[PDB]
Ligand SMILES: NC(=O)c1ccc[n+]([C@@H]2O[C@H](COP(=O)([O-])OP(=O)(O)OC[C@H]3O[C@@H](n4cnc5c(N)ncnc54)[C@H](O)[C@@H]3O)[C@@H](O)[C@H]2O)c1
């Protein structure tokens, strides 16, 4: 069930969050935050720079020192505290979802029923792992007792984008904290507000001071002070591919801090003639147009077998005409705006290029209205491999539909790309499903569904979509460091 | 490729194997061993009894004492000794496959190409696991360091049937020895011979005395001495269901020793209309007619969907006439005899119930030849759930073809049984393949194949087909005993 | 930390709990429940026999049918419900502790601070495993995709004693529910009351009907009907070795249900001369005398090195003199009664046997008061291996103190026993700690502490103290059944 | 007993190995290779540059294509190929040890008894892991079947140093090959000859062509072509810290390939007052002076407690005089040369900074012999924290003995460094052993031993000693990439 959004929500939390207290920027500067549906200023937030980052890192190092309350408390206690944070986010679910909507342009129902729900579930999952992270006893050669410890890494920097502020934040801090690390959080400059509200709940939940620090700010300033800091042990980064290159570089030229990258995507989704046609049209559609295309996991190219091609295209055009734009808080609106003017412009350039290079425009292709950064649902057929809308990430409401003839061809083309985050496959045949999913070079493959991400399963990129995994067993374990202890004993019995 | 079999084998090993030496029996009694194809006595073997088992248990307890060679040896050295046993069985492959054919009635091609091949790779799978058995370090509540050790259990008794002497022996002593246990092997009275040759290979490979002891003999004497012994820690039994119930009670009345059981089977096999019919007919045919039906994993209930049913019965009867009985060492022969008269009588008494209860005989139904215990490849149509031939394990070359009309009803009918060792499912629909194999109450389900076991997978019964698993990670780890050590420490840090 | 007990608690729940409803017994019979400190009847409780168990089993079997809410529910959702049960138990903590005190004779501050706390922590641990139980994908030989599933077993009978009612209950239903089983709970006839109150919280928590059924009653009636039932898939039993023999047998002669056993104990405790003496005396004291010795993990035999023997004994006797017996709800009382006349007399026969066989009585050795089943804390010195107090489990406030001289001797002596549940070792030396703890034949070994069980550590017996483990990763996985699925594929790539 | 070295070995293999064929360099240039004990030339070796790397990468890619022999062979068969390579190195043990001594200046007894033994065991361990690398089946939210695959990554560049050619080669090709990757091997320019002989044995074992390619050459040319290649999926580097940063950077600006890093070291070793002093001097001496200081795992800083300091010093000086320098091949020699002139220079630079900074020269401190790159075993006492000899890696026969008094101060001091590969602790106390080893920030901690590396445990850096681990379960799994496959099903039951 879905409540009504808050009518007169007020912004309360705008300061930096360091050592469980609220700080002004060292410089005294603030930066503005805009509603993308109206273009108007919501508020100004304290702007973090290198000198604020230094303060956050000192506090996180102190919280991590041997004998501190966060290091000596039972693993199960780390767990209870993460589970309590989940309880408070659930209690404030209406507030947090109204605020996601205002700041990031998300359809309200989507933000309440999906984003907030996934964020609460990710934290609860992670909470359960805290006392079940285990090492090994090893029957090594020789007269030794040998074992391993999965220890916390230390101080972790968490840097991420604007498209899903609550989910992104949950899936970085959840794994980090349940392994016992302390953290420095740098949310995207476009959408800092829900991150700062979660900070007020971290103090309420009873986290020790310095365990979680949240410093809103820009990229070359705050983001780059974290990646090159000499006393940060790890940075987990989600964002664009070009910036991930700068992060790896920064890490190398400073202290060789561990790096995790989750970067750009152009995700293929393949529909064979033997697929359930209706279900695939619907899933592939939601694949591309969810959050107005503003999603790393969206279906960006649609390979559709020749016999069902014309009929797939026709049904996708019809499905795309069922949208109403406006303020995402208004009931009856299911198409929000793009995040800002820069993004809007990148999307329109690519749309325009598709017309230029001779893809066929089926519907949309233009901006929507006069105010707010709205773009029409846009579908393109007769798309060929070497067009720009086929290669470049659009991050907008733009579907590409292409023809394919045989199986071995469509695998070749779906893999002919420097990206590899996610891929779809639709077929009701057992052997086809298994062998094609194995053959696709992507870290997640969805069979007969799309957007089916869960907390229990690891997700991440092949190739230039990044390295490392988030969530599941495997992803949680990436916030640990392994130590082997090997002790001499006087006699050894098996 | 297939060599020719040995034409005149010297039987060298007929004595009990205890502490790496050969012993006559305490009583002096021997028992005869017969070739099922010719009825001729191959040799007499030394008959072990309670007092011989008593000797064997003392040798295995001595070999398991702390400070002994077998306990102080590096785990990777144990694995190396098991790899060496496999190399020695491989050098003697031709000899062992001939001997298995002569004693067990196994068609030479199956025994050389499948049984010896599987037995070799099984010991090699287990060899690798030895230095990879690992416990845990655990972040327990309180100021403690806690870990587990997966120790060896102790002295293990291993009792098995006659249907596949080399495979059964490998999958029991492989796992048991890789975890560091000592063992008392009790092969079937019908087929003790190959196991005695393996004894001579264990010796030359260099296993410490008393680690492996073999004592051939009868069940109510030597077997019962093992299950009832106050100093045997675990018994692993493969055999009939009624005998498994005796094992369990004797364990309880003596020393509550650990029990693993692998019992009777009546395995269903379900073929839907959208299956590859050529492939499915052939696989179901292999599954029932492999080893003259003398296999626990044999298909015996063929549920076939009504629209392909008549065709499947016609094609199955045609495949069934491509056979040639005779001495299983003869080139060309692909149908052997059954193990002895008591079993030949039991199969004929079930076959006649088939005629009498209304099933229609499509082919066979009678005895073959003059000498030896041969039975004709028999097929029955129109079989229903109430008939004895659909309820009782036949252990013979007798196919039952049953009809089904719906998915829900046939799952129901395959599950309505106290058996559950194995099952098979033939369909090319992804959804049917996954949902039906999840719904079947059996330890192994094979999809679009049959008789497709591997060393790397675990195997065993649901319900009254047994409890416990053999092979794979999980099955290997069932020959360990878990010990927690928890030590006070002065400070704890994550 | 600790409130005042409820002064006049009123018994609310006394009926059988089946299908989320309160049922009268079929026969009409009800059985009495007594307060062990006054010998007065508290109330009568409904008495289940065979026919009531039969209703419990059909309800558990229906809740476990495919398609049912309990089966189709997500695993994270099972977890949620169990964590909610832990919250309601936390909410009713004072109520359940008063009632535990009254029924079982536990000192109230122990019941509140230790038993209720451990009960809440165990459920929360298990809740966390619900969506982290995982099978494997296995690279088998051949063109196959092969995987395992850790399925729930089915209907589980859960039968336990009277010494820690709330801990026993958590540690059975927690692991079983988190795996997705349904259950029949047969609490001890001495102490059915807190179990029945928990049953009231199962409904409030929102478990589907039939997932948890509670049937109070006696052993040979309610218990034997469960263990011998044809539609119960597993029985987990805790209790006397003699009854454990009967359960194992009943399982054999009914349906070979899986059995797990956690039986009698006589736990050795070794104190070397190079230990923290002060702390060893106090730990060993709490080990013996906590819950008036009515605990399977209690220190019975106390081996103490010759050089420090006389001093250890002086300190132990002095430490045993500081007790005030009386009503377990009364402030300043730290010694409750034994549970009933049958146990009081068992313990008095064994105390008298110590006097007769020549051990030196240091303190106590008789009853306290003339109403209630109180026994003076009792200490024997000069105890030898042949005396009955050194061999038999007493389950009462009686400490045995024995001399030893050499390390190799004391190890033999502590391992010379059919029991093997727990052991203790006290030394400051790394090498002694590790080698002696490896050498002791017990399921748990505590080094420089005692009573240090946690929810994340497995626990269970060697030899005739049982088989199977409870809690930790390993114990939780004993409530699953393993299925291998192997599918034929047209091509395989690594 | 130990055999004598081969008397007049002839170098057989000097060319690049690509596609199981021997190639001349594309330019036709070769580079010289020197015996460090005589200064004399051994042979010239083809010098790979960028154009040669491009050929090897091309062959690896071709050998990794889906459908190829190395992709479609069973995992168990990759294991048998790796095990055959090890049997063959065992057979060529005498030849390979001798050649390792000649090229790497390693004492012969060492090269034969330790290095060759370790390299055979490491390969046999990884062989065991091939068909035991196992993904997961996952109970995710929703109506889905979800599982993971641990696939091979693809083309892996392997770059390493000259201090233990066979060990480093085995510890990288073993984990890489056993997960099913193909590889480009880049041996150090100073010690390529053993790599090349191993390339001949790879061919003989029957590996598919292209699976292992070996391109000897210089670092700025062949090494940097590997790390900058657009078609190389992963680079595992072992070497100096300085060069490790360039690899990380070159990977960023090319294709964001996966990077593993094992770098410089300055390993602490703390010896407490209550330690077995005799054992501790021995292990500590061996720790430093093995390989004449040329091991990254060598002890470099010895912290010795005040009560035993002077005795530790004078005992270490006596131990340092048991050395006879010369050609490692002449009987009696147990002290070999450093590798070349530039290393011989760095070491003496630092030894002379020892004299000038304050430290007391107890023995050695200058060069040895007329010819060769020998240095006297050198011990320093009274060493302080700010000295260059206590901060920078010496990689030579130089022991630093420093004094401490407090457990808390020595831990801070041991951890106050940007390095973190290995550490040592010597004590008889249980509590100090566990707590100090838990507090040290290093990847391996050895307690009451040193140089106790084993194949079954993981090893690698904390901080700027690198990231990633090698060997053991966790190390083997670093040469995989996780793919999640989530399929829609029509019904889900637990
Ligand atoms: N579950 C499985 O993996 C599996 C595998 C192969 C065979 N089987 C079963 O084995 C049966 C055929 O073999 P079988 O007839 O030799 O079985 P069986 O019960 O007649 O004898 C099996 C073994 O137990 C011994 N034995 C007999 N009585 C005993 C007693 N009282 N105490 C101790 N040991 C005793 C026998 O001497 C023999 O070694 C079939 O029912 C088949 O399903 C099961």
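The residues of chain A that appear here are 8-501 by Swiss-Prot count, in order.
Method of determination (from the header): X-ray crystallography, 2.4 Å.
Each residue, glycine too, has its Cβ placed from N, Cα and C.
Annotation source Swiss-Prot lists site 'Transition state stabilizer' at A:170. If you look up Swiss-Prot, you'll see A:246, A:247, A:248, A:249, A:250, A:251 marked as NAD(+) binding site. As annotated by Swiss-Prot, active site, proton acceptor applies to A:269. The active site, nucleophile annotation in Swiss-Prot covers A:303.
For residue A:246 (NAD(+) binding site), other Cβ atoms within 10 Å of its Cβ number 22. What surrounds the NAD(+) site, by Cβ distance within 8 Å of the Cβ centroid and not counting A:246, A:247, A:248, A:249, A:250, A:251, is the set A:244, A:252, A:253, A:254, A:270, A:271 from the same chain. Among the listed recorded positions, namely A:250, A:303, the Cβ with the most fellow Cβ atoms inside 10 Å is that of A:303. Restricting the recorded positions A:170, A:246, A:247, A:248, A:249, A:251 to those with a CA within 10 Å of the CA of the residue listed as 'active site, proton acceptor' leaves A:246, A:247, A:248, A:251, listed by sequence position. Here the recorded positions are A:249, A:269, and the one with the most other Cβ atoms within 10 Å of its Cβ is A:269. In this set, none of the recorded positions among A:170, A:246, A:249, A:303 has a C-beta falling under 8 Å from a C-beta of chain D. If you take the Cα of residue A:250 (NAD(+) binding site) and the Cα of residue A:170 (site 'Transition state stabilizer'), they are about 16 angstrom apart, rounded to a whole number. Cβ neighbour count for residue A:248 (NAD(+) binding site): 18 (other Cβ atoms within 10 Å of its Cβ, all protein chains included). Separating the Cα atoms of residue A:303 (active site, nucleophile) and residue A:251 (NAD(+) binding site) is a whole-number distance of 15 Å. Per-site Cβ counts within 10 Å over the recorded positions A:170, A:247 peak at A:170. According to DSSP, residue A:246 (NAD(+) binding site) is assigned to coil rather than to any helix or strand. Counting every protein chain shown, the Cβ of residue A:251 (NAD(+) binding site) has 25 other Cβ atoms within 10 Å. Note: the CA-CA distance between residue A:170 (site 'Transition state stabilizer') and residue A:251 (NAD(+) binding site) rounds to 17 Å. Under the DSSP three-state reduction, residue A:269 (active site, proton acceptor) is assigned to strand. Classification of the residue listed as 'active site, nucleophile' by DSSP places it in coil, neither helical nor stranded.
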